[PDB]
Amino acid sequence: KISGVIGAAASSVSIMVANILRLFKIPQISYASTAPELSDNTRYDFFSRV
Amino acid sequence: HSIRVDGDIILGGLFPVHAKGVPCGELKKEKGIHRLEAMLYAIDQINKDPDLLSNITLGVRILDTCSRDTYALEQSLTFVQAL
Amino acid sequence: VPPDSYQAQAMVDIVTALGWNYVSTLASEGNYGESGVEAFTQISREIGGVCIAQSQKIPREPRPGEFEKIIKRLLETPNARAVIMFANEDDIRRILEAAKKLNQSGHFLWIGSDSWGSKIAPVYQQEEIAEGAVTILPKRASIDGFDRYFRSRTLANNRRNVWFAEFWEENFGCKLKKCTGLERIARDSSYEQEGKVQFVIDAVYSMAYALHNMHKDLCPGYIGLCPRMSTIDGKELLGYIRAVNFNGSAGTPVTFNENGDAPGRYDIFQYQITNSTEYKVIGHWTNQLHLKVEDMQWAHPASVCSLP
Ligand SMILES: N[C@H](C(=O)O)c1ccc(C(=O)O)c(C(=O)O)c1
């Protein structure tokens, strides 16, 4: 059972993965993705970035 | 919250029965009901029509999109649960 | 339904036929509006002869004062009287009412997409500000059999529809004041068939033939489901889907190209106000514009950047 995911690099990859990790309620932390549209809590709520 | 009609070959449908809210909002009488009723009518015509898919029955699996992307993603998941 | 590249080409053809060369675009956030406006810009540049003044974007969540700001930026260039729109119904209505509030009647010349279409709601109680707008729609006709089917439905016979109770409650304005449930559709309430109904039925038939042809090839002389046809492969079924040719519910043919697209066939409407109001057909587009200028009625105005 996966409890958390260390995210992808490109922003598109992160968006694609986050759309499913939201449905299954798994936290995601990314290390390189910087697209401004991933700061929206309504649509991407389990996404965080360093 | 999902329409079942059994048959030999099963088709799936996605229609906006409700509006975007809350995940879901108000009913759409024209964009949602008329269209799914049209799909059901077409299925009934094909099943009743001879010399087109003779002796083969078509069923339906009709779901709601609620005019949203994520909700449709969840319904697509229930489409592909078999695999 | 055909893609929006053909619609952009038809819009460019309309503009060049009306003798306009200075236009401003307006799009809503999302794939639809942005893609349509981008296609229009690319085509208009490549062909030449049409220059774009401004491009404005309507936010998905409108902050207060958005539409007045959009109108005021549009007015920064007063020779751009033609606006190409790819916008939702609510956005169109709010833009029109903001134009009415700022008193800009007659300044703007609207050209809208199928999101405008023939809809009364955007133009209700705002006829003057939206008089003379030219809109585009894929061709379509009403289906009588579906009308009989929908008018014959009751609560007893239509039980496979889970949502039919809510439709019954809302349509007649009753609760199941209370209602006995003996009401009949199209007699005690208004009714008119939805526009894309045909496009739904056709879609279903596209499967029905595509499977059928397959059973005529992979199942020679065997009636019913076949041992090899039990596992209906999607990749194989794609070719049969994309190589169909039949007459639809309206009677027009249905074909797909190699990219799974329908050919581009459009009707053109104009909103006219006589001493009733209606959307009147003024031409069509079938890979080449066929437009009637003798039957157009404005309040023709020119949108040019400077006079000769
Ligand atoms: N922040 C951007 C983005 O949002 O995609 C980004 C993400 C990952 C990488 C990478 O693969 O190292 C790069 C890069 O090419 O350096 C750029």
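Readers should treat all values here as calculations from the given coordinates under stated rules, not as data from a laboratory. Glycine gets a Cβ as well: all are built from the backbone with ideal geometry, and neighbour counts include every protein chain shown.
Going by a ≥ b ≥ c, the root eigenvalues of the Cα gyration tensor, does chain C fall in the rounded group (a/c under 1.5), the prolate group (a/b larger than b/c) or the oblate group? Don't jump to the answer; show the numbers that get you there.
Details: a/c = 2.25, a/b = 1.41, b/c = 1.60.
Oblate.
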If amide H atoms are built 1.01 Å from N in the plane of the peptide, which residues on other chains or at least 5 residues away come under 5 Å of the amide H of C:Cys51?
C:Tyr22, C:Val23
Most exposed first, judged by fewest Cβ atoms within 10 angstrom, C:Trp298, C:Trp116, C:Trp163 run C:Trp298, C:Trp163, C:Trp116
Want the number for C:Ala17 to C:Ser118: 0.36 nm per residue separation, take away the alpha-carbon distance, what's left?
34.1 nm
Label-point separation (nm) for C:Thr154 and C:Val1, each offset 7 Å from Cα along Cα-to-Cβ?
3.6 nm
Take the Cβ-Cβ distance between B:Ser2 and A:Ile29 as r, set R0 to 41 Å, and report the resulting FRET efficiency rounded to the nearest 0.05.
0.70
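Loop only per DSSP, at most 16 neighbouring Cβ atoms within 10 Å: give me the chymotrypsin sites (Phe, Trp or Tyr not before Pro) in chain A, ordered by residue number. Mind showing how you got there, number by number?
Numbers: sites: A:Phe24, A:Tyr31, A:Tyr44, A:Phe46, A:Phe47; in loops: A:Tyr31, A:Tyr44, A:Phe46.
Counting only loop positions with at most 16 other Cβ atoms within 10 Å, the chymotrypsin sites (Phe, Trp or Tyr not before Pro) in chain A are A:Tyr31.
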q = 0.19, 0.24, 0.26 Å⁻¹, chain B: log10 I(q)/I(0) [Debye, one scatterer per Cα]:
-0.86, -1.13, -1.23
Residue-count net charge about C:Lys139 - beta-carbon cut-off 10 Å; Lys, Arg +1, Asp, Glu -1:
+1
Just report the Cα centroid separation between the stretch C:207-266 and the stretch C:100-118, whole Å.
42 Å
How much length would be gained if the chain were fully extended between C:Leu218 and C:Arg184, taking 0.36 nm per residue of separation minus their Cα-Cα distance, in nm to one decimal?
7.5 nm
Which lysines, if any, have their Cα less than 25 Å from the Cα of C:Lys119, not counting same-chain residues under 8 positions apart?
B:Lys20, B:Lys28, B:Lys29, B:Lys31, C:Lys57, C:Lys100, C:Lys101, C:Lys139, C:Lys196, C:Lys280, C:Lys292
Work out, in µm²/s and without decimals, the Stokes-Einstein translational diffusion coefficient of the stretch C:185-283 at 37 °C, 0.692 mPa s, Rh from Kirkwood over C-alpha pairs.
191 µm²/s
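Expressed as a whole percent, how much of the Cα-Cα distance distribution for the protein assembly as shown exceeds 38 Å?
Value for the protein assembly as shown (Cα pairs over 38 Å): 36 percent.
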Sort the stretch C:1-145 into rounded, prolate or oblate with this rule: let a ≥ b ≥ c be the square roots of the eigenvalues of the Cα gyration tensor; rounded if a/c is under 1.5, and if a/c is not under 1.5, prolate when a/b is larger than b/c, oblate otherwise.
rounded
Evaluate E = 1/(1 + (r/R0)^6) for C:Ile232 and C:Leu307, where r is the Cβ-Cβ distance and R0 equals 45 Å; express this FRET efficiency to the nearest 0.05.
0.10
Rounded to the nearest 0.05, what FRET efficiency do C:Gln126 and C:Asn275 give with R0 = 22 Å and r taken as the Cβ-Cβ distance? Could you check?
0.75
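Divide by every residue of chain C the summed helix terms, -39500 (n - 2.57) for each DSSP H run of at least 4, and state the resulting mean residue ellipticity at 222 nm, rounded to the nearest 500 deg cm²/dmol. Let's see the in-between values first.
On the way: 9 runs with 104 residues, N = 308.
It comes out at -10500 deg cm²/dmol, rounded to the nearest 500.
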Taking square-rooted eigenvalues a ≥ b ≥ c of the alpha carbon gyration tensor, is the stretch A:5-46 rounded, prolate or oblate, where a/c under 1.5 means rounded and, failing that, a/b exceeding b/c means prolate?
oblate
Tell me, what ³J(HN,Hα) does each residue in the stretch B:50-60 have, in order and in whole Hz, if you take phi through Karplus 6.51 cos²θ - 1.76 cosθ + 1.60 with θ = phi - 60° and put x for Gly and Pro?
x, 6, 9, 6, 5, 6, 10, 9, 9, x, 9
